[PDB]
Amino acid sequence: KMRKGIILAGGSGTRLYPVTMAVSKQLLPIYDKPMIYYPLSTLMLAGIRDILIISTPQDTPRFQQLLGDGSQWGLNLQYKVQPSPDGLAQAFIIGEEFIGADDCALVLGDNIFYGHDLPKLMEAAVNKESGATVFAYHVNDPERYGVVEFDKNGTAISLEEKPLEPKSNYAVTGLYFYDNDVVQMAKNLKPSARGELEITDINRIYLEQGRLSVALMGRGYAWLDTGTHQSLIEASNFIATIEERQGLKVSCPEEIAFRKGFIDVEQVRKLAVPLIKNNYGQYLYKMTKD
């Protein structure tokens, strides 16, 4: 479980009220599984097994009750509280101890990636010795995000957190890879005009040093919107349509743990049975008939 990642799963939850009044947004379903399974799955697909989950004072213990130490899936999971949703970059101040002196990835708890050859897409980022990697994705509402501006060739030259005058239609996704300098940069940030510690500031620091890779995530990939009540419906439908057409599950941690050898046949079987009244447990057991 040598390689490291962080899932930032807290947040004010204000926008979705009152759905999020007694439930962390990141415990909400997306079709047939809790939302956090998706980003967890992404980290696992990047070959990352040592993972810190950050959420609220109220909700962190809920994530721990759900997933425990992660050993049942061949992972090492730990937990820590963010007292207040002070910014994406706080991930790294809170995860200081967890990070030690290693590389680290950060994925937002509500980011849902899907599409062919993702693991390979992430491959260079995971293998990069120094610097950082982020991914850029074309959307119709860039204002909402960190916006990456491109050269008359395809070279990134500027980032902006939520620009009134977006300079491109490319948003930076909520998946990030860093070397070990990120902790110190985070520790040096002052909040922004939005009153947040902005991961955009960190990315610009790496950019200004000429150490930022910005990889393009083409239109062939889905990077699902999860901001509104309506977008949540759409994210679930999308997953449902994939799974029911293929007879396969998207971002199922037990399967991914199995396929990658984190856990064996006897393990899957044991995880499958309590879940076997429905399709989820039956799908997992059947995977095992090898």
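Counting begins at 1, following the sequence as shown.
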ask   = Averaging C-alpha B-factors over each stretch, which comes out higher, 102 to 110 or 122 to 130?
value = 122 to 130
key: Which of 152 to 160 and 135 to 143 has higher mean CA B factor, as the PDB entry lists it   = 152 to 160
remark   = From the entry's CA B-factor values, the highest among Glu255, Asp264, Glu234, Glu243 is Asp264
note = Split the chain's modelled residues into thirds by Cα B-factor; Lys33 lands in the lowest
ask   = Split the chain's modelled residues into thirds by Cα B-factor; is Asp181 in the lowest, middle or highest one?
value = middle
remark   = Here the Cα B-factor of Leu66, set against its chain, lands in the third termed highest
note = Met287: CA B-factor among chain residues, third -> highest
task = Just say lowest, middle or highest third for the CA B-factor of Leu88 relative to the other modelled residues in its chain.
result = lowest
